[PDB]
$ cat structure_5.tsv   # TSV, C-alpha atoms and all ligand atoms
chain	number	residue	atom	x	y	z
A	81	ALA	CA	2.41	46.63	4.56
A	82	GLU	CA	4.54	43.84	3.13
A	83	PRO	CA	2.48	41.75	0.67
A	84	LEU	CA	2.42	37.97	0.87
A	85	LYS	CA	4.11	36.48	-2.20
A	86	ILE	CA	3.25	32.87	-3.02
A	87	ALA	CA	5.27	31.03	-5.67
A	88	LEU	CA	3.67	28.25	-7.71
A	89	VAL	CA	6.46	25.93	-8.88
A	90	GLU	CA	4.89	23.52	-11.36
A	91	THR	CA	5.11	22.07	-14.86
A	92	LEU	CA	3.13	24.80	-16.57
A	93	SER	CA	3.67	24.41	-20.33
A	94	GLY	CA	4.24	21.75	-22.94
A	95	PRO	CA	3.03	18.19	-23.41
A	96	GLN	CA	3.75	17.07	-19.82
A	97	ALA	CA	1.87	19.93	-18.11
A	98	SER	CA	-1.64	18.43	-17.82
A	99	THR	CA	-1.40	17.84	-14.06
A	100	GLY	CA	0.58	21.01	-13.34
A	101	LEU	CA	-2.13	23.04	-15.08
A	102	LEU	CA	-4.82	21.49	-12.85
A	103	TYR	CA	-2.80	22.61	-9.83
A	104	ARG	CA	-2.53	26.05	-11.41
A	105	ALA	CA	-6.31	26.23	-11.85
A	106	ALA	CA	-6.93	25.20	-8.23
A	107	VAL	CA	-4.31	27.61	-6.86
A	108	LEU	CA	-5.61	30.57	-8.88
A	109	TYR	CA	-9.17	29.64	-7.90
A	110	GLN	CA	-8.63	29.54	-4.15
A	111	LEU	CA	-6.00	32.27	-3.85
A	112	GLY	CA	-8.51	34.24	-5.93
A	113	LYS	CA	-11.14	33.66	-3.22
A	114	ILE	CA	-8.70	34.76	-0.50
A	115	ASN	CA	-7.96	37.90	-2.52
A	116	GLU	CA	-11.70	38.53	-2.94
A	117	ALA	CA	-11.81	38.52	0.88
A	118	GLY	CA	-8.99	41.09	1.08
A	119	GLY	CA	-5.74	39.08	0.76
A	120	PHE	CA	-3.42	39.10	3.76
A	121	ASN	CA	-1.78	41.78	5.91
A	122	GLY	CA	-3.94	44.50	4.30
A	123	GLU	CA	-2.72	43.79	0.73
A	124	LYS	CA	-3.68	41.44	-2.06
A	125	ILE	CA	-1.64	38.24	-2.14
A	126	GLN	CA	0.73	38.17	-5.11
A	127	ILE	CA	0.91	34.94	-7.11
A	128	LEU	CA	4.30	34.24	-8.71
A	129	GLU	CA	4.49	31.39	-11.23
A	130	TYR	CA	7.63	29.37	-12.09
A	131	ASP	CA	7.35	26.91	-15.00
A	132	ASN	CA	9.60	23.98	-14.09
A	133	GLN	CA	10.65	22.08	-17.20
A	134	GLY	CA	13.51	20.27	-15.47
A	135	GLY	CA	12.11	17.86	-12.89
A	136	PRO	CA	13.78	17.73	-9.46
A	137	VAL	CA	16.95	19.50	-10.68
A	138	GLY	CA	14.91	22.22	-12.37
A	139	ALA	CA	12.83	22.58	-9.20
A	140	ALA	CA	15.91	23.38	-7.14
A	141	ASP	CA	16.70	26.23	-9.53
A	142	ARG	CA	13.14	27.54	-9.51
A	143	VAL	CA	12.94	27.40	-5.69
A	144	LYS	CA	16.10	29.51	-5.55
A	145	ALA	CA	14.57	32.00	-8.00
A	146	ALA	CA	11.29	32.19	-6.06
A	147	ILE	CA	13.03	32.87	-2.76
A	148	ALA	CA	15.27	35.48	-4.39
A	149	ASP	CA	12.14	37.14	-5.83
A	150	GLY	CA	10.77	37.41	-2.27
A	151	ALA	CA	8.30	34.52	-2.09
A	152	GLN	CA	7.69	33.46	1.49
A	153	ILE	CA	5.56	30.48	0.43
A	154	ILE	CA	6.15	27.81	-2.25
A	155	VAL	CA	3.27	25.67	-3.51
A	156	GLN	CA	3.56	22.53	-5.64
A	157	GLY	CA	1.93	19.15	-5.96
A	158	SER	CA	2.22	17.22	-9.24
A	159	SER	CA	5.31	15.06	-8.51
A	160	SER	CA	6.64	13.41	-5.34
A	161	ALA	CA	10.15	13.46	-6.83
A	162	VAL	CA	9.96	17.24	-7.25
A	163	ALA	CA	8.32	17.62	-3.83
A	164	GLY	CA	11.18	15.73	-2.19
A	165	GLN	CA	13.61	18.20	-3.75
A	166	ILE	CA	11.55	21.27	-2.81
A	167	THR	CA	10.99	20.20	0.76
A	168	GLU	CA	14.68	19.49	1.38
A	169	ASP	CA	15.89	22.68	-0.31
A	170	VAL	CA	13.38	24.68	1.75
A	171	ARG	CA	14.42	22.92	4.97
A	172	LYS	CA	18.12	23.49	4.19
A	173	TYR	CA	17.50	27.15	3.32
A	174	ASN	CA	15.51	27.70	6.51
A	175	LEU	CA	18.22	26.21	8.71
A	176	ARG	CA	20.82	28.49	7.13
A	177	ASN	CA	18.62	31.64	7.16
A	178	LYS	CA	17.05	31.84	10.62
A	179	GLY	CA	14.31	34.45	10.82
A	180	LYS	CA	13.77	34.37	7.03
A	181	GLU	CA	12.13	30.95	6.79
A	182	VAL	CA	10.02	29.98	3.77
A	183	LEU	CA	6.95	27.73	3.88
A	184	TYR	CA	6.31	24.82	1.51
A	185	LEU	CA	2.60	24.04	1.05
A	186	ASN	CA	2.48	20.60	-0.57
A	187	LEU	CA	-0.89	20.41	-2.32
A	188	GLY	CA	-0.68	16.93	-3.77
A	189	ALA	CA	2.61	14.99	-3.60
A	190	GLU	CA	1.65	11.76	-1.83
A	191	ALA	CA	4.92	9.93	-1.02
A	192	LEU	CA	5.10	8.83	2.61
A	193	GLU	CA	8.53	10.38	3.25
A	194	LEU	CA	7.15	13.93	3.06
A	195	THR	CA	5.44	13.53	6.45
A	196	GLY	CA	7.87	10.86	7.64
A	197	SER	CA	11.64	10.75	7.21
A	198	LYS	CA	11.63	14.19	5.48
A	199	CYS	CA	9.06	15.83	7.74
A	200	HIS	CA	9.87	19.31	9.04
A	201	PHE	CA	8.13	22.29	10.58
A	202	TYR	CA	7.94	24.43	7.42
A	203	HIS	CA	6.33	21.73	5.24
A	204	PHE	CA	2.59	21.10	5.32
A	205	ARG	CA	0.81	18.42	3.27
A	206	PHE	CA	-2.81	19.14	2.42
A	207	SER	CA	-3.48	16.10	0.24
A	208	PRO	CA	-3.76	12.36	0.79
A	209	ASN	CA	-0.67	10.23	1.01
A	210	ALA	CA	-0.13	6.57	0.12
A	211	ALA	CA	-1.24	5.34	3.55
A	212	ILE	CA	-4.45	7.41	3.58
A	213	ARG	CA	-5.33	6.32	0.04
A	214	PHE	CA	-4.99	2.62	0.62
A	215	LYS	CA	-6.20	2.27	4.20
A	216	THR	CA	-9.44	4.06	3.24
A	217	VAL	CA	-10.01	2.26	-0.06
A	218	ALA	CA	-9.51	-1.08	1.71
A	219	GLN	CA	-11.67	-0.18	4.72
A	220	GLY	CA	-14.43	1.21	2.49
A	221	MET	CA	-14.53	-2.00	0.45
A	222	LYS	CA	-14.38	-4.11	3.62
A	223	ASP	CA	-17.29	-2.21	5.19
A	224	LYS	CA	-19.39	-2.55	2.02
A	225	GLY	CA	-18.74	-6.30	1.89
A	226	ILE	CA	-16.91	-6.22	-1.46
A	227	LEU	CA	-13.27	-6.61	-0.41
A	228	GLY	CA	-13.04	-10.39	-0.10
A	229	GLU	CA	-10.33	-12.25	1.77
A	230	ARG	CA	-7.65	-12.61	-0.93
A	231	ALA	CA	-5.87	-9.61	-2.41
A	232	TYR	CA	-3.02	-8.93	-4.83
A	233	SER	CA	-0.68	-5.90	-4.74
A	234	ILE	CA	0.72	-4.62	-8.03
A	235	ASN	CA	2.57	-1.32	-8.27
A	236	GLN	CA	5.32	0.59	-10.04
A	237	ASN	CA	8.89	-0.01	-8.89
A	238	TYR	CA	9.78	3.40	-7.45
A	239	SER	CA	9.22	5.24	-4.17
A	240	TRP	CA	5.46	5.66	-4.68
A	241	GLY	CA	4.79	2.05	-5.60
A	242	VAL	CA	6.84	0.81	-2.66
A	243	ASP	CA	4.85	3.08	-0.34
A	244	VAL	CA	1.59	1.64	-1.67
A	245	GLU	CA	2.81	-1.95	-1.37
A	246	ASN	CA	4.08	-1.32	2.15
A	247	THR	CA	0.71	0.20	3.13
A	248	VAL	CA	-1.33	-2.63	1.64
A	249	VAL	CA	0.84	-5.27	3.36
A	250	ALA	CA	0.84	-3.41	6.68
A	251	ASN	CA	-2.97	-3.06	6.86
A	252	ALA	CA	-3.87	-6.64	5.87
A	253	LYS	CA	-4.16	-7.97	9.43
A	254	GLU	CA	-6.14	-5.04	10.83
A	255	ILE	CA	-8.62	-4.66	7.98
A	256	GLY	CA	-8.99	-8.38	7.33
A	257	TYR	CA	-7.43	-9.47	4.05
A	258	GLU	CA	-4.51	-11.60	2.86
A	259	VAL	CA	-1.93	-10.26	0.42
A	260	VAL	CA	-1.52	-13.45	-1.63
A	261	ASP	CA	1.31	-12.03	-3.76
A	262	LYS	CA	2.88	-8.70	-4.59
A	263	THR	CA	4.63	-7.38	-7.69
A	264	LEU	CA	6.60	-4.26	-8.60
A	265	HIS	CA	7.04	-3.56	-12.30
A	266	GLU	CA	8.84	-1.17	-14.63
A	267	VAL	CA	7.46	2.37	-14.59
A	268	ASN	CA	5.39	3.82	-17.45
A	269	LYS	CA	6.79	1.54	-20.17
A	270	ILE	CA	4.91	-1.80	-20.34
A	271	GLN	CA	2.50	-2.10	-23.25
A	272	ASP	CA	1.22	-5.65	-22.63
A	273	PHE	CA	0.28	-6.42	-19.03
A	274	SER	CA	-1.07	-9.89	-19.89
A	275	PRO	CA	1.83	-11.76	-18.16
A	276	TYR	CA	1.13	-9.87	-14.92
A	277	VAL	CA	-2.60	-10.53	-15.26
A	278	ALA	CA	-1.89	-14.24	-15.72
A	279	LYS	CA	-0.06	-14.27	-12.36
A	280	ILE	CA	-2.95	-12.44	-10.71
A	281	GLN	CA	-5.42	-14.92	-12.22
A	282	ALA	CA	-3.27	-17.77	-10.87
A	283	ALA	CA	-3.40	-16.22	-7.38
A	284	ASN	CA	-7.22	-16.46	-7.25
A	285	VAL	CA	-7.82	-13.08	-5.66
A	286	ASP	CA	-10.89	-10.93	-5.03
A	287	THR	CA	-9.20	-7.51	-5.09
A	288	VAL	CA	-6.18	-6.01	-6.84
A	289	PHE	CA	-4.63	-3.05	-4.99
A	290	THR	CA	-2.67	-0.67	-7.21
A	291	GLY	CA	-1.30	2.86	-7.01
A	292	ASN	CA	-0.65	2.84	-10.76
A	293	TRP	CA	-1.45	5.91	-12.88
A	294	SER	CA	-2.04	6.65	-16.59
A	295	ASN	CA	-1.02	3.79	-18.93
A	296	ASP	CA	0.26	1.62	-16.08
A	297	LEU	CA	-3.26	1.71	-14.63
A	298	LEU	CA	-5.34	1.69	-17.82
A	299	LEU	CA	-3.41	-0.91	-19.82
A	300	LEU	CA	-3.31	-3.17	-16.76
A	301	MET	CA	-7.07	-2.90	-16.27
A	302	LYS	CA	-7.62	-3.51	-19.99
A	303	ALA	CA	-5.45	-6.63	-19.99
A	304	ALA	CA	-7.43	-7.84	-16.96
A	305	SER	CA	-10.69	-7.28	-18.85
A	306	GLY	CA	-9.43	-9.12	-21.94
A	307	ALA	CA	-8.43	-12.11	-19.80
A	308	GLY	CA	-11.70	-12.25	-17.87
A	309	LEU	CA	-10.06	-11.43	-14.54
A	310	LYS	CA	-12.94	-11.00	-12.12
A	311	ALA	CA	-11.15	-9.10	-9.34
A	312	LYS	CA	-12.11	-5.54	-8.44
A	313	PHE	CA	-9.32	-2.97	-8.77
A	314	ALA	CA	-8.79	-0.85	-5.64
A	315	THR	CA	-7.02	2.28	-6.83
A	316	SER	CA	-5.85	5.75	-5.94
A	317	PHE	CA	-5.88	7.28	-9.42
A	318	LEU	CA	-8.85	5.87	-11.36
A	319	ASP	CA	-10.28	9.41	-11.67
A	320	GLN	CA	-7.42	11.01	-13.60
A	321	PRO	CA	-9.06	13.07	-16.39
A	322	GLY	CA	-9.60	10.89	-19.43
A	323	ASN	CA	-9.33	7.53	-17.62
A	324	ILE	CA	-13.04	6.75	-17.76
A	325	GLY	CA	-13.28	8.06	-21.32
A	326	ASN	CA	-10.45	5.73	-22.33
A	327	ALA	CA	-11.65	2.69	-20.38
A	328	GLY	CA	-15.43	2.97	-20.54
A	329	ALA	CA	-17.10	-0.24	-19.47
A	330	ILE	CA	-13.70	-1.68	-18.52
A	331	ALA	CA	-13.63	0.71	-15.53
A	332	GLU	CA	-17.21	-0.08	-14.40
A	333	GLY	CA	-17.34	-1.52	-10.88
A	334	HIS	CA	-13.79	-0.57	-9.91
A	335	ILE	CA	-12.95	1.48	-6.86
A	336	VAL	CA	-11.09	4.66	-5.90
A	337	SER	CA	-10.74	6.67	-2.68
A	338	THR	CA	-10.37	10.46	-3.03
A	339	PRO	CA	-11.02	13.61	-0.96
A	340	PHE	CA	-14.06	14.72	-2.95
A	341	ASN	CA	-17.09	13.66	-4.89
A	342	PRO	CA	-19.68	16.19	-6.13
A	343	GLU	CA	-22.52	13.88	-5.02
A	344	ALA	CA	-21.04	13.07	-1.58
A	345	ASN	CA	-22.32	16.07	0.41
A	346	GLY	CA	-25.65	17.20	-1.07
A	347	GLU	CA	-25.95	20.89	-1.93
A	348	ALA	CA	-22.56	21.76	-0.40
A	349	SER	CA	-20.52	19.54	-2.71
A	350	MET	CA	-22.64	20.36	-5.78
A	351	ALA	CA	-22.45	24.12	-5.18
A	352	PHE	CA	-18.67	23.96	-4.88
A	353	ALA	CA	-18.38	21.95	-8.09
A	354	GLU	CA	-20.58	24.41	-9.98
A	355	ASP	CA	-18.71	27.44	-8.63
A	356	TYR	CA	-15.38	25.89	-9.57
A	357	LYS	CA	-16.69	25.19	-13.08
A	358	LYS	CA	-17.93	28.78	-13.37
A	359	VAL	CA	-14.44	30.09	-12.58
A	360	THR	CA	-12.20	27.51	-14.27
A	361	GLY	CA	-14.42	26.02	-16.99
A	362	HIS	CA	-14.49	22.43	-15.64
A	363	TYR	CA	-15.79	20.55	-12.63
A	364	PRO	CA	-13.04	20.04	-10.02
A	365	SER	CA	-11.57	16.61	-10.56
A	366	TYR	CA	-8.66	14.49	-9.53
A	367	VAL	CA	-6.05	16.72	-7.82
A	368	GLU	CA	-8.03	19.95	-7.68
A	369	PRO	CA	-10.33	19.50	-4.62
A	370	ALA	CA	-7.50	18.69	-2.20
A	371	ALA	CA	-5.53	21.71	-3.40
A	372	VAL	CA	-8.56	24.00	-3.04
A	373	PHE	CA	-9.48	22.62	0.39
A	374	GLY	CA	-5.90	22.84	1.60
A	375	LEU	CA	-5.73	26.46	0.52
A	376	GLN	CA	-9.08	26.99	2.27
A	377	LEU	CA	-7.47	25.77	5.50
A	378	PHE	CA	-4.51	28.03	4.69
A	379	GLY	CA	-6.86	31.01	4.24
A	380	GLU	CA	-8.51	30.25	7.57
A	381	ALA	CA	-5.06	30.21	9.21
A	382	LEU	CA	-4.22	33.60	7.66
A	383	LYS	CA	-7.46	35.01	9.06
A	384	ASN	CA	-6.22	34.05	12.55
A	385	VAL	CA	-2.71	35.56	12.18
A	386	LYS	CA	-2.14	38.82	14.06
A	387	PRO	CA	-0.15	41.37	12.01
A	388	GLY	CA	3.00	42.75	13.63
A	389	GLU	CA	4.37	46.04	12.26
A	390	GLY	CA	3.31	44.86	8.79
A	391	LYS	CA	6.14	42.35	8.35
A	392	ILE	CA	5.15	38.80	7.44
A	393	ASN	CA	6.19	36.10	9.89
A	394	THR	CA	6.08	32.64	8.32
A	395	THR	CA	6.56	31.01	11.75
A	396	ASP	CA	3.36	32.71	12.95
A	397	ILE	CA	1.68	31.50	9.75
A	398	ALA	CA	2.90	27.93	10.34
A	399	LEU	CA	1.60	27.97	13.92
A	400	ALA	CA	-1.73	29.33	12.66
A	401	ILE	CA	-2.04	26.44	10.20
A	402	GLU	CA	-1.40	23.93	13.01
A	403	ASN	CA	-4.25	25.53	14.97
A	404	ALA	CA	-6.75	26.10	12.16
A	405	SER	CA	-9.80	24.21	11.01
A	406	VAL	CA	-12.30	25.02	8.31
A	407	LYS	CA	-15.56	23.61	7.04
A	408	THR	CA	-15.04	22.70	3.40
A	409	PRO	CA	-17.60	21.46	0.87
A	410	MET	CA	-16.64	17.95	2.08
A	411	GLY	CA	-16.60	18.61	5.83
A	412	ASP	CA	-13.94	19.47	8.42
A	413	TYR	CA	-10.33	20.09	7.41
A	414	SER	CA	-7.59	20.53	10.02
A	415	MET	CA	-3.86	19.93	10.51
A	416	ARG	CA	-1.94	17.40	12.60
A	417	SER	CA	0.92	19.07	14.44
A	418	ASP	CA	3.08	15.96	14.84
A	419	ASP	CA	3.89	15.63	11.15
A	420	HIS	CA	1.87	18.37	9.34
A	421	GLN	CA	-0.33	15.84	7.57
A	422	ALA	CA	-3.74	17.42	7.06
A	423	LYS	CA	-6.78	15.66	8.53
A	424	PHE	CA	-9.78	15.52	6.19
A	425	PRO	CA	-12.55	13.22	4.92
A	426	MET	CA	-12.05	10.56	2.25
A	427	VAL	CA	-14.83	9.28	-0.06
A	428	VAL	CA	-14.66	5.75	-1.45
A	429	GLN	CA	-16.27	5.56	-4.88
A	430	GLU	CA	-17.26	3.00	-7.53
A	431	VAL	CA	-17.35	3.62	-11.28
A	432	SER	CA	-21.04	3.28	-12.07
A	433	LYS	CA	-23.73	4.14	-14.58
A	434	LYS	CA	-25.79	5.08	-11.51
A	435	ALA	CA	-23.64	8.11	-10.69
A	436	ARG	CA	-25.56	11.25	-11.50
A	437	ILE	CA	-22.54	13.31	-12.61
A	438	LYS	CA	-20.76	11.55	-15.51
A	439	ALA	CA	-17.00	11.39	-16.18
A	440	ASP	CA	-15.38	12.13	-19.56
A	441	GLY	CA	-18.73	12.34	-21.33
A	442	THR	CA	-19.46	8.65	-20.82
A	443	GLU	CA	-22.44	6.84	-19.30
A	444	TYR	CA	-20.27	6.30	-16.19
A	445	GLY	CA	-19.34	8.44	-13.21
A	446	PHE	CA	-17.92	8.03	-9.72
A	447	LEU	CA	-20.63	6.89	-7.29
A	448	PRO	CA	-19.75	7.58	-3.63
A	449	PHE	CA	-20.57	4.71	-1.27
A	450	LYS	CA	-18.64	5.44	1.95
A	451	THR	CA	-17.31	8.64	3.50
A	452	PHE	CA	-14.77	8.51	6.31
A	453	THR	CA	-14.26	11.44	8.66
A	454	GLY	CA	-10.79	12.94	8.91
A	455	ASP	CA	-10.23	11.06	12.17
A	456	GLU	CA	-11.10	7.82	10.37
A	457	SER	CA	-8.99	8.70	7.30
A	458	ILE	CA	-5.66	10.11	8.51
A	459	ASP	CA	-2.78	7.66	8.67
A	460	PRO	CA	-0.89	6.86	11.89
A	461	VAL	CA	2.08	9.08	12.60
A	462	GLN	CA	5.18	7.48	11.09
A	463	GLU	CA	8.01	6.47	13.42
A	464	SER	CA	10.38	8.19	10.95
A	465	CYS	CA	9.00	11.74	11.45
A	466	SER	CA	10.74	13.65	14.25
A	467	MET	CA	9.96	17.33	13.67
A	468	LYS	CA	12.14	20.01	15.24
A	469	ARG	CA	9.91	22.81	16.45
A	470	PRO	CA	10.66	26.58	16.59
A	501	K	K	-15.69	-7.81	2.34

$ encode --input "structure_5.tsv" --output "structure tokens" --more "lines below"
Ligand SMILES: [K+]
Amino acid sequence: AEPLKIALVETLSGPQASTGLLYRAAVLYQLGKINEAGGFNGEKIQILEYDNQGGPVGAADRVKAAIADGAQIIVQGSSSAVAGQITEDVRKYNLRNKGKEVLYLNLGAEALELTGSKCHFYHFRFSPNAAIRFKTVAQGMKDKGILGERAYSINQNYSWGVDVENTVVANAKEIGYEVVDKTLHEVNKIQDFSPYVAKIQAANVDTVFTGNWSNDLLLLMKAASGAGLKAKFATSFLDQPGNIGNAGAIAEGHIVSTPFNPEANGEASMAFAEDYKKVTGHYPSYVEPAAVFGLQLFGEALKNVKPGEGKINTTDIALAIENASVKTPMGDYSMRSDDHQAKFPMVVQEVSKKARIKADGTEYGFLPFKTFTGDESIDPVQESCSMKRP
């Protein structure tokens, strides 16, 4: 029997590897569970790791190496720029090597193009995307009565920030808010956000939507606190590890929408968090739940694949993913065939002292206040995705 070989292509060493190493932990955790159940095709699944130190260009080289080493599946998630390279190199390879197609399981790259203008049959996204993040965070705040009528959009000036801005603008009419002004700023360089905060203060808004991460999120929220800006921040990345530890009371009351919260589904979500901590050493945070749950859906798909003469057929695997659904610790996970965007619940959360599980050793944690089903969470199919089918 031919074993299934899955290549993890991630930043796996050095000072920039924090997020890649969380993907590694989630991948080894859930592929470990699938191997505990017997693997695939009567053999354990082999996990091949490729440390990419070279960004998009390095990823092209590592994808070539993985395929040459016999991987039939590539997994990655820490960078949309790298994901855009992987998904196109995989698509191009597949077109030129009919019958030998490789799958790309995208476990966390959230740029809209991956299920839109770059969508294709051998890519599957198991994580949120910009539209899911910001439609659900806005709707959750609207439903709770804390959104207000006036909003500001502030994001980083690259593909991700543009996707977030476009989403926030597009949903204003339907959800019921006004985007008073919008700003795109330099990426991961600004130390003093006070001039941007002054503009937001002048706009007299209730809510600030931002897809910012790391310093661009934290230093912006801190400048807002120092200036007495009263608006709530509506974010996608407030729960990066360390953010609450570094912001403390400055983060209290601000909002994030994510696929998981350990308090959001009673014993099921707690038991998962404790099991994950037993295996990996930490509670599953940030990017890890979506990667685990996506690989849970993947494992369910494998269970439903019929083996033919012991050779692995990635087209059969892709069709099985389209058809699969699994109950995760957060509820039902399935896959949309039109664009291969996964359908799954989203939990809108507030930083609060009243959360039972604390973040970063502080008095604060993420308190869940609204859960949307997958049907309520998934974004509309983009007019730009036209997927050629086998
Ligand atoms: K409201």

$ residues_around --input "structure_5.tsv" --residues "residue A:458" --least-positions-apart "2" --cutoff "6 Å" --atoms "all atoms listed in the file" --output "ChimeraX atom specification"
/A:212,423,454-455

$ residues_near_ligand --input "structure_5.tsv" --ligand "ligand K 501 (chain A)" --cutoff "6 Å" --atoms "only C-alpha atoms and all ligand atoms" --output "ChimeraX atom specification"
/A:222,225-228

$ closest_atom_pairs --input "structure_5.tsv" --of "stretch 232-327 of chain A" --to "stretch 341-364 of chain A" --cutoff "12 Å" --atoms "all atoms listed in the file" --output "CSV"
residue,atom,partner,partner_atom,distance
A:319,CA,A:341,CA,10.5
A:320,CA,A:364,CA,11.2
A:321,CA,A:364,CA,10.2

$ axis_aligned_box --input "structure_5.tsv" --around "stretch 346-352 of chain A" --padding-each-side "3 Å" --output "AutoDock Vina command-line options"
--center_x -22.3 --center_y 20.7 --center_z -3.1 --size_x 13.3 --size_y 12.9 --size_z 11.4

$ closest_residue --input "structure_5.tsv" --among "A:244, A:280, A:106, A:324" --to "residue A:157" --atoms "only C-alpha atoms"
A:106

$ closest_atom_pairs --input "structure_5.tsv" --of "stretch 325-395 of chain A" --to "stretch 184-188 of chain A" --cutoff "12 Å" --atoms "all atoms listed in the file" --output "tab-separated table"
residue	atom	partner	partner_atom	distance
A:338	CA	A:188	CA	11.7
A:339	CA	A:188	CA	11.2
A:366	CA	A:188	CA	10.1
A:367	CA	A:188	CA	6.7
A:368	CA	A:188	CA	8.9
A:369	CA	A:187	CA	9.8
A:370	CA	A:187	CA	6.8
A:371	CA	A:187	CA	4.9
A:372	CA	A:187	CA	8.5
A:373	CA	A:187	CA	9.3
A:374	CA	A:187	CA	6.8
A:375	CA	A:187	CA	8.3
A:376	CA	A:187	CA	11.5
A:377	CA	A:185	CA	11.1
A:378	CA	A:185	CA	8.9
A:394	CA	A:184	CA	10.4
A:395	CA	A:184	CA	12.0

$ closest_residue --input "structure_5.tsv" --among "A:246, A:141, A:192, A:214" --to "residue A:264" --atoms "all atoms listed in the file"
A:246

$ atom_distance --input "structure_5.tsv" --atom1 "atom CA of residue A:255" --atom2 "atom CA of residue A:223"
9.4 Å

$ residues_around --input "structure_5.tsv" --residues "residue A:251" --least-positions-apart "5" --cutoff "12 Å" --atoms "all atoms listed in the file" --output "ChimeraX atom specification"
/A:211-219,222,231,244-246,256-259,289,459-460

$ residues_near_point --input "structure_5.tsv" --point "(4.7, 15.9, -2.2)" --cutoff "8 Å" --atoms "all atoms listed in the file" --output "list in words"
residues 156, 157, 158, 159, 160, 161, 162, 163, 164, 186, 187, 188, 189, 190, 191, 194 and 205 of chain A

$ closest_residue --input "structure_5.tsv" --among "A:290, A:207, A:295, A:408" --to "residue A:248" --atoms "all atoms listed in the file"
A:290

$ atom_distance --input "structure_5.tsv" --atom1 "atom CA of residue A:390" --atom2 "atom CA of residue A:122"
8.5 Å

$ closest_residue --input "structure_5.tsv" --among "A:127, A:426, A:107, A:431" --to "residue A:330" --atoms "only C-alpha atoms"
A:431

$ closest_residue --input "structure_5.tsv" --among "A:453, A:232, A:334, A:253" --to "residue A:286" --atoms "only C-alpha atoms"
A:232

$ atom_distance --input "structure_5.tsv" --atom1 "atom CA of residue A:328" --atom2 "atom CA of residue A:210"
26.0 Å

$ residues_around --input "structure_5.tsv" --residues "residue A:337" --least-positions-apart "3" --cutoff "6 Å" --atoms "all atoms listed in the file" --output "list in words"
residues 217, 316, 427 and 428 of chain A

$ build_atoms --input "structure_5.tsv" --residues "stretch 269-282 of chain A" --atoms "N, CA and C atoms" --output "CSV table (one decimal), in the coordinates of the input"
chain,number,residue,atom,x,y,z
A,269,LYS,N,6.2,2.1,-18.9
A,269,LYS,CA,6.8,1.5,-20.2
A,269,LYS,C,6.1,0.3,-20.7
A,270,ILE,N,5.4,-0.5,-19.9
A,270,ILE,CA,4.9,-1.8,-20.3
A,270,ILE,C,3.7,-1.6,-21.2
A,271,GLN,N,3.7,-2.2,-22.4
A,271,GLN,CA,2.5,-2.1,-23.2
A,271,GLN,C,1.5,-3.3,-23.1
A,272,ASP,N,2.0,-4.4,-22.8
A,272,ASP,CA,1.2,-5.6,-22.6
A,272,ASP,C,1.3,-6.2,-21.2
A,273,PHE,N,0.3,-5.9,-20.4
A,273,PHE,CA,0.3,-6.4,-19.0
A,273,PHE,C,-0.2,-7.9,-18.9
A,274,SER,N,-0.5,-8.5,-20.0
A,274,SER,CA,-1.1,-9.9,-19.9
A,274,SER,C,-0.2,-10.9,-19.0
A,275,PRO,N,1.1,-10.8,-19.0
A,275,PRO,CA,1.8,-11.8,-18.2
A,275,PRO,C,1.6,-11.5,-16.7
A,276,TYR,N,1.4,-10.2,-16.3
A,276,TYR,CA,1.1,-9.9,-14.9
A,276,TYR,C,-0.3,-10.3,-14.6
A,277,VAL,N,-1.2,-10.1,-15.5
A,277,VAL,CA,-2.6,-10.5,-15.3
A,277,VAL,C,-2.7,-12.0,-15.1
A,278,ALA,N,-1.9,-12.8,-15.8
A,278,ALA,CA,-1.9,-14.2,-15.7
A,278,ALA,C,-1.5,-14.7,-14.3
A,279,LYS,N,-0.5,-14.0,-13.8
A,279,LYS,CA,-0.1,-14.3,-12.4
A,279,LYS,C,-1.2,-13.9,-11.4
A,280,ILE,N,-1.9,-12.8,-11.6
A,280,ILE,CA,-3.0,-12.4,-10.7
A,280,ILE,C,-4.1,-13.5,-10.8
A,281,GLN,N,-4.4,-13.9,-12.0
A,281,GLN,CA,-5.4,-14.9,-12.2
A,281,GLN,C,-5.0,-16.2,-11.5
A,282,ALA,N,-3.7,-16.6,-11.6
A,282,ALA,CA,-3.3,-17.8,-10.9
A,282,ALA,C,-3.4,-17.6,-9.4
